[PDB]
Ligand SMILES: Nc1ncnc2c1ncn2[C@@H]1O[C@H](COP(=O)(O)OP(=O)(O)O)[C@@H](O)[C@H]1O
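First, one chain by itself in structure tokens, the form solved without adenosine-5'-diphosphate.
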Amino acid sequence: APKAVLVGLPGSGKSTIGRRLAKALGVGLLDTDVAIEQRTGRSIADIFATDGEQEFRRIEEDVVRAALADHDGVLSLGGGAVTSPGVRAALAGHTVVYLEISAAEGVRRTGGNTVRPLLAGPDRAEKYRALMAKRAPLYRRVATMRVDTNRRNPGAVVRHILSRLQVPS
């Protein structure tokens, strides 16, 4: 089972923190979005476009649950996985690091050409605020450590992580 599960909105640093925390802990990183693409042979965008979000969430839940059982390193969950009650259930007992980010920073960090079915223009900031407002309690409900990625150098936030995993609380 994972040493740590990372959750948070798109732009919260899951891929990069993932990478640094994993190196620090000395194991592999698995991103459940990547795992979904590997298992299905499909892009996430095609699943959303052609089959819809609800089908995506069921697939995702299955993959997340498998990963929680079979992966031994750092696991990063796609931003919306926590909207699935079964995903929340499966996370019980695990170490769950919530990467918290404000809307301004998250919006800036997600504005390139990455395809994002649930975060595409116009009014991307409005869409980001809506995801944040809805998902905030869900992230909080599952997390065991929360770290602020707004301003600290990643390498830093991670220190809050390696150190924090190690001592009581």
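By rigid core we mean the largest C-alpha set that fits within 1.5 Å across both forms. We number the residues from 1 along the sequence you see.
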(message) Per the record, averaged over C-alpha atoms, which has the higher B-factor: 138-146 or 65-73?
(response) 65-73
(request) Go through 47, 27, 36, 104 one by one and give the residue whose Cα B-factor in the PDB entry is largest. (result) 104
(message) Among the modelled residues of this chain, does the Cα B factor of residue 112 put it in the lowest, middle or highest third?
(response) highest
(message) Going by the CA temperature factor in the PDB record, which third of the chain does residue 17 belong to: lowest, middle or highest?
(response) highest
(request) Ordered by C-alpha B-factor within the chain, which third holds residue 60? Give me lowest, middle or highest, please. (result) lowest
(request) Select lowest, middle or highest to describe the third in which the CA B-factor of residue 54 falls within its chain in this entry. (result) highest
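The form solved in complex with adenosine-5'-diphosphate is left out here; the points below concern that form.
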(request) Sort through 108, 39, 58, 140 and report the residue having a heavy atom within 4.5 Å of adenosine-5'-diphosphate in the bound PDB entry. (result) 108
(request) Using a 4.5 Å heavy atom cut-off, state whether residue 23 contacts adenosine-5'-diphosphate in the bound PDB entry. (result) no
(message) Is residue 161 near adenosine-5'-diphosphate? Define near as a heavy atom within 4.5 Å, in the bound PDB entry.
(response) no
(request) Would you give me the residues of 3-22 that have any heavy atom within 4.5 Å of adenosine-5'-diphosphate in the bound PDB entry, in order from first to last? (result) 9, 10, 11, 12, 13, 14, 15, 16
(request) Align both forms on the core first, then report whether residue 114 has a C-alpha shift of 2 Å or more between this form and the one not shown. (result) yes
(message) A 3 angstroms or greater change in CA distance between residue 140 and residue 114 is reported in the bound PDB entry. Closer or farther than in this form?
(response) farther
